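First comes the structure, then the notes that go with it.
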Amino acid sequence: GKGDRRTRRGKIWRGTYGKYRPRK
Amino acid sequence: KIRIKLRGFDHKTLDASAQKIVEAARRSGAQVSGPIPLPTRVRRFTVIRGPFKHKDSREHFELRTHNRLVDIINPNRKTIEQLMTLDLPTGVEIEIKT
Amino acid sequence: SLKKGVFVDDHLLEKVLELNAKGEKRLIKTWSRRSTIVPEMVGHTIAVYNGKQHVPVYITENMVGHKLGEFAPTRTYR
Amino acid sequence: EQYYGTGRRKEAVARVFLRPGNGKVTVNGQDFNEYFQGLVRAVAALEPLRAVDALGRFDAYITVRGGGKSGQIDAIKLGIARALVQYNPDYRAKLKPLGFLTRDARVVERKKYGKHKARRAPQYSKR
Amino acid sequence: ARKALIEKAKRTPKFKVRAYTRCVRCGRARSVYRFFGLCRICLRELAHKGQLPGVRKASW
Amino acid sequence: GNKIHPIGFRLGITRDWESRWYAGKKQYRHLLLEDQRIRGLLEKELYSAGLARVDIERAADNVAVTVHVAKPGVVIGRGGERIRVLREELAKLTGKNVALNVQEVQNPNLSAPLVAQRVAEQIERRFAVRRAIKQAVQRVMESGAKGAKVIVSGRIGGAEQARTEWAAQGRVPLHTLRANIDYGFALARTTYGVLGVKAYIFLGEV
RNA sequence: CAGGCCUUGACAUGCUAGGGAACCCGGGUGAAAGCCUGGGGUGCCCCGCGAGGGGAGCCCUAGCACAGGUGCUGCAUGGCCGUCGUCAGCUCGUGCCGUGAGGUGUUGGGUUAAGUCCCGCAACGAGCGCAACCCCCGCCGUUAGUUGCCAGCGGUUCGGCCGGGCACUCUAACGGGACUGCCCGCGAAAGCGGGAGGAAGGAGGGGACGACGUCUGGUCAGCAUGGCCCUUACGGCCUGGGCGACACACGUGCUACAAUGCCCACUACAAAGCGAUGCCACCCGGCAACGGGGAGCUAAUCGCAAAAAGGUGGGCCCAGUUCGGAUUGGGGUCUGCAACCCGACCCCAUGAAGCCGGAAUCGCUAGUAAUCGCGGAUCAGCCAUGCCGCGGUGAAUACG
Ligand SMILES: [Mg+2]
Ligand SMILES: [Mg+2]
Ligand SMILES: [Mg+2]
Ligand SMILES: [Mg+2]
Ligand SMILES: [Mg+2]
Ligand SMILES: [Mg+2]
Ligand SMILES: [Mg+2]
Ligand SMILES: [Mg+2]
Ligand SMILES: [Mg+2]
Ligand SMILES: [Mg+2]
Ligand SMILES: [Mg+2]
Ligand SMILES: [Mg+2]
Ligand SMILES: [Mg+2]
Ligand SMILES: [Mg+2]
Ligand SMILES: [Mg+2]
Ligand SMILES: [Mg+2]
Ligand SMILES: [Mg+2]
Ligand SMILES: [Mg+2]
Ligand SMILES: [Mg+2]
Ligand SMILES: [Mg+2]
Ligand SMILES: [Mg+2]
Ligand SMILES: [Mg+2]
Ligand SMILES: [Mg+2]
Ligand SMILES: [Mg+2]
Ligand SMILES: [Mg+2]
Ligand SMILES: [Mg+2]
Ligand SMILES: [Mg+2]
Ligand SMILES: [Mg+2]
Ligand SMILES: [Mg+2]
Ligand SMILES: [Mg+2]
Ligand SMILES: [Mg+2]
Ligand SMILES: [Mg+2]
Ligand SMILES: [Mg+2]
Ligand SMILES: [Mg+2]
Ligand SMILES: [Mg+2]
Ligand SMILES: [Mg+2]
Ligand SMILES: [Zn+2]
């Protein structure tokens, strides 16, 4: 859910990028 | 070749001051590209009417920054006299390049 | 969190290092609850400020990578 | 030769072109049924041709830009009509009767201050 | 203590961190702008007079 | 409390910016502050003239500083030795080559910003307020006009109970844009408090 | 708030006095503030070979007059904002009735969103409101073309990239359009219901606009301001603490309790804004946050940038689970002098309550509700799930 940092959504919602949502 | 910018605020003036720089840019030789109206950048900002606590019914304004472009094809020594010395911008601003 | 420095204020070590001279007494006050604990600074009980007074806090290896602040309670009724 | 109609519908501008022939349909550089794969509303944009009856006749070449895929399908459904309405002074009998002409003025409205969503008003305590 | 502040704010010698804003007209620290240099209160005020160039009662 | 500011309202059309020029985000807060401290000084040492506006224009280093007034007698000076010292002042802070135009008032009884000040004065001078209004109003019609409305705040007459004085004649379509209504506000610093005055001069229609 | 310090003061104005007078570089003690102290010597007005002597700004000391106070009073006030409510209302001039307070007008008949209009009438008119005058989305058009397009023929290293073109699209500036002028039905009128043409009717749909007054409404802490009160402190600086406390109650919120679902790889369609020690392409380092290099941009011509939901196929299998991410441990990064109180991200490990919520109660009539992603202000950083905006997908129902 929009509340799990270790998730695509979570990361997205948080407005961040990372290992679960890298910059391409 | 020479490019010219036209910012300012009241699009009522800027339009004229610009348009002038064509009816007078053709008489000085080379042809020109009609006053081209590029997009407008806007400055909107909201404020809470009351001077205290009333997050509702507040009020926001705008600050329309009109821009306008136009350009002469060939740089005549003729035109130069006009442009360079015909500085008549009430509240206008102009940038020139190549 | 500091990985290139240690932000540990100088008027500390300064007063700790000069004290390092053969190692004498210890009673030493400060308001740097914001600095870090330096290794070997054990035995040097440093009364820390909290806004009210200076807590006569001992200091030992167990506690090091910490701030003298963690050791000072800011509020009351813990 | 070229048969164009201005496709526009809710922040969606579609460019419609009609070339007699097969029936192939293109949009922004792709096969119609491919650029809209999944959308069961795709086959809806071509519905105008299906009542003029004249489908196996115009290799339509479109290019819609701006908006949402579905919105685009709307822009298109208007171009395919506005385009062919031109090259058929009699095909007016459908763009007016079979309601195929309206920009749908229907569009998102400004979010008023003090209304989470331009209308949805915040909660309420009272107590 | 709002006088000594406006001045204290002007001075800057200490750590750029503490360099903070404050309304130009009224000694107000809250809701200022990186543009105008006015506070919501002030801004809207001038705004209504016209002393704010190109600024217009927004409409869309 | 509501009612918009007939100025900022009309702003767009009818009434134009009391300060008109341009500048980018880099420097704009500056040319405003300036434009402000300018008017700031002018409203001070020049009041004895009763100025009802201070347009200001620019371009680059140049400054309009145009001052409208009703009694220029004190603007220029004796033969011309007053304004001369003012250009100095305006420059004494403005590191620019500021000019300084000036005009008059074809009738102060049609210059709200004045009707106000005039009234604002009377009160401050213990005059009777009802009259000072019922009167200051007529004075605006007698001198040709279509709209005049004056308003005074509370404390009228040192009354511990702050009231409010209303008074107007003719028509005043405050909501109508094709109105061209001059709006003016003046203070009053009576030993027993403070007063406020609203001036509404509905002039030419359309 | 505790503690360490300063007094014509952190700032305005004026005056008196020997010195020195502009300014720049330090040192000592200290937590900082502060206090104490050691070093070059000056364009100016001018008698004058010169030394030197008088001296106008500005500054330092001393003293005098004064500053300053978010201290009290929003029932002493200005200003501005909130509310009844954009509700259809409130009044005025004169005439007339009435002992008078006050009526009439503005009661009545039809109509309307409307004190909108009409017709009536001891009333005849009028003003502030209503409407209209203003901006936006709409239809179409003219001017203008470095956005745009095999649109047309074109060369093209195979991208509107190059030549080249205003036709599209678009950008932005000026216009036409819609006015109950047509037809039928009802009527004394105003005007109601029906219908065609039209992009749009009978105010076309949203903005801006909120009467006399009301709540002794709100705010003296934005500002202004009368009165009151403080002056080596009710003023001023500083370091540290606090506003972030927590057995608890409420308000508004966010994430959820799952297969109309969640996860993972791939692949699309936006709008609106924003950017100079600023947004970062593109590289190399790292699992990553981010870091070393470094192109372009004064920004319809580079960047923020990726829209997300969607579409494809792949994995879970009804389990407190691959549902849900609280809690905490360990390892890090960035802004900043400085993250103990007290920042935001990252990664590993922890995986809490929750399987749809009592009594109650809220929002919403259509591009609305619901749902998904995006921009901006403030701003070093950020506790923003807030607010103010943008667009994508896109309903249910209205007997009464
Ligand atoms: Mg999960
Ligand atoms: Mg939406
Ligand atoms: Mg509320
Ligand atoms: Mg204090
Ligand atoms: Mg800060
Ligand atoms: Mg007295
Ligand atoms: Mg002093
Ligand atoms: Mg008040
Ligand atoms: Mg009281
Ligand atoms: Mg009467
Ligand atoms: Mg009588
Ligand atoms: Mg009467
Ligand atoms: Mg009326
Ligand atoms: Mg009839
Ligand atoms: Mg309208
Ligand atoms: Mg009260
Ligand atoms: Mg005050
Ligand atoms: Mg502190
Ligand atoms: Mg704190
Ligand atoms: Mg708080
Ligand atoms: Mg806390
Ligand atoms: Mg794409
Ligand atoms: Mg945006
Ligand atoms: Mg943009
Ligand atoms: Mg590479
Ligand atoms: Mg770098
Ligand atoms: Mg770099
Ligand atoms: Mg966690
Ligand atoms: Mg439920
Ligand atoms: Mg139940
Ligand atoms: Mg019940
Ligand atoms: Mg509704
Ligand atoms: Mg956001
Ligand atoms: Mg920020
Ligand atoms: Mg937090
Ligand atoms: Mg919030
Ligand atoms: Zn302010």
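Protein chains in written order, with the entry's author numbering: chain AU, 2 to 25; chain AJ, 3 to 100; chain AS, 4 to 81; chain AI, 2 to 128; chain AN, 2 to 61; chain AC, 2 to 207.
For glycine and all other residues, C-beta sits at the position ideal for the given N, C-alpha and C.
C-alpha distance - residue i paired with residue j, whole-angstrom precision
| i | j | result |
| --- | --- | --- |
| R93/AI | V26/AI | 23 Å |
| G31/AJ | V72/AJ | 15 Å |
| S59/AJ | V49/AJ | 10 Å |
| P41/AJ | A65/AC | 30 Å |
| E2/AI | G24/AI | 15 Å |
| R6/AU | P23/AU | 13 Å |
| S112/AC | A26/AJ | 41 Å |
| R9/AI | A71/AC | 58 Å |
| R23/AN | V14/AI | 47 Å |
| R126/AC | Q118/AC | 12 Å |
| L19/AI | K95/AI | 18 Å |
| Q56/AS | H14/AS | 19 Å |
| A137/AC | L94/AC | 38 Å |
| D62/AC | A10/AN | 29 Å |
| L6/AN | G19/AU | 43 Å |
| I98/AJ | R9/AJ | 12 Å |
| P37/AJ | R70/AJ | 7 Å |
| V55/AC | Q52/AN | 10 Å |
| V76/AC | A50/AC | 7 Å |
| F128/AC | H56/AJ | 39 Å |
| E17/AS | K7/AS | 20 Å |
| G80/AI | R111/AI | 27 Å |
| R79/AJ | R28/AJ | 13 Å |
| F37/AI | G100/AI | 24 Å |
| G57/AI | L50/AI | 9 Å |
| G52/AJ | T8/AU | 43 Å |
| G81/AC | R40/AC | 22 Å |
| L40/AI | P39/AJ | 39 Å |
Beta-carbon separation (whole angstroms), residue i vs residue j, contact threshold 8 Å
| i | j | result |
| --- | --- | --- |
| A200/AC | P114/AC | 7 Å |
| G6/AI | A61/AI | No, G6/AI and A61/AI are not in contact; Cβ-Cβ is about 10 Å, not under 8 Å. |
| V153/AC | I134/AC | 6 Å |
Bridge partners - residue i, DSSP secondary structure assignment
| i | result |
| --- | --- |
| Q162/AC | Partner(s): none; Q162/AC has no beta bridge. |
| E27/AS | DSSP output for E27/AS lists no bridge partner at all. |
| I38/AJ | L71/AJ |
| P90/AI | In DSSP, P90/AI forms no bridge with anything. |
| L39/AN | DSSP lists no partner for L39/AN. |
| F203/AC | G148/AC and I182/AC |
| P21/AI | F59/AI |
| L8/AJ | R70/AJ |
| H62/AJ | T48/AJ |
Which full runs of the alpha helix (DSSP H) of 4+ residues lie inside the stretch 98 to 158 of chain AC, going along the chain?
-> 113 to 125 and 130 to 142
| message | Residues around ligand 1, please: the condition is that the C-beta lies closer than 7 Å to some non-hydrogen atom of it. | response | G2/AU, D5/AU and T8/AU
To test your reading of the DSSP string, which unbroken alpha helix (DSSP H) runs of 4 or more residues are found completely within the stretch 3 to 30 of chain AN?
4 to 11
Q. What are the start and end residues of each continuous beta strand (DSSP E) run of 3 or more residues lying completely inside the stretch 41 to 67 of chain AI, in chain order?
A. 59 to 66
- prompt: For the stretch 39 to 110 of chain AC, which segments carrying the beta strand (DSSP E) assignment without a break, of at least 3 residues, lie completely within its bounds, in sequence order?
  reply: none
For this session: Starting from the N-terminal side, write out each stretch of the beta strand (DSSP E) that is 3 residues or longer and does not extend beyond the stretch 9 to 76 of chain AS.
Result: 31 to 33 and 49 to 52
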